[PDB]
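Structure first, commentary second.
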Amino acid sequence: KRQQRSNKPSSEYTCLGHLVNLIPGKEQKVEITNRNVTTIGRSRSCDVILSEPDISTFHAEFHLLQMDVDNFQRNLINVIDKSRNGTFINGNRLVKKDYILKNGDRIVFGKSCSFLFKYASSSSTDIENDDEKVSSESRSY
């Protein structure tokens, strides 16, 4: 069948994980797909577009691969440096070109943009009173 239920992806591959940016005054969450290669920079084409006036377009690239072992699928991210703007991972400067990134990892790009990466297989957030307006209709209520 060509027609499927629910919403289907068009530009975004498949949601797997997300990146939370730590900013003094607010936070930002970005969804990451399993495109094998994630781009970070000013270019809109990049997987993750930072928020810097002089953010490197080719700043850095992250490899997102998904594999199935035993039964549960595990994801692994690799940190690679190919720019001259300044990239600090895990609070330390990268020396090699094959760093392994895992859940709860802090990454800094440009010496200002810092975000934490984690896997979002299911993500539980069942509360009672969420702080956010949610509507289904328009021009009403």
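If you're wondering about the labels, chains in the structure tokens are A, B, ... by order shown, residues count from 1 in each chain, ligands from 1 in order shown.
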
Could you give me, as a tab-separated table, a per-residue list for segment 53-83 of chain A showing, wherever an atom lies at most 10 Å from an atom of segment 6-26 of chain A, the closest pair of atoms and their distance in Å to one decimal, using only C-alpha atoms and sorting by chain then residue number from low to high?
residue	atom	partner	partner_atom	distance
A:64	CA	A:16	CA	9.5
A:66	CA	A:16	CA	9.1
A:75	CA	A:16	CA	8.4

Written file, previous selection with N, CA and C atoms, as a JSON list (two decimals), in the first residue's frame:
[["chain", "number", "residue", "atom", "x", "y", "z"],
["A", 64, "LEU", "N", 25.95, 8.86, 12.70],
["A", 64, "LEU", "CA", 24.89, 8.16, 13.42],
["A", 64, "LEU", "C", 24.55, 6.84, 12.73],
["A", 66, "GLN", "N", 22.80, 2.86, 13.17],
["A", 66, "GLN", "CA", 21.89, 2.03, 13.95],
["A", 66, "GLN", "C", 22.06, 0.56, 13.60],
["A", 75, "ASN", "N", 22.48, 2.52, 19.21],
["A", 75, "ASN", "CA", 23.01, 3.56, 18.35],
["A", 75, "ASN", "C", 24.34, 4.08, 18.88]]

From a DSSP calculation on the backbone, collect every residue of segment 2-135 of chain A in strand (DSSP E or B) and output the set as a PyMOL selection string.
chain A and resi 15-23+26-33+38-41+48-49+60-69+72-81+87-89+92-93+99-101+105-109+113-119

Give me the residues within 12 Å of residue 45 of chain A as a count of residues only, counting only C-alpha atoms and dropping any in the same chain fewer than 4 places off.
11

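We find atom CA of residue 80 of chain A and atom CA of residue 93 of chain A to be spaced 11.6 Å apart.
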
Shell around residue 59 of chain A at 12 Å using only C-alpha atoms, local window under 6 positions removed, as a count of residues only:
27

Select, from A:137, A:62, A:32, A:70, the residue with the minimum atom-to-atom distance to residue 118 of chain A, counting only C-alpha atoms.
A:32
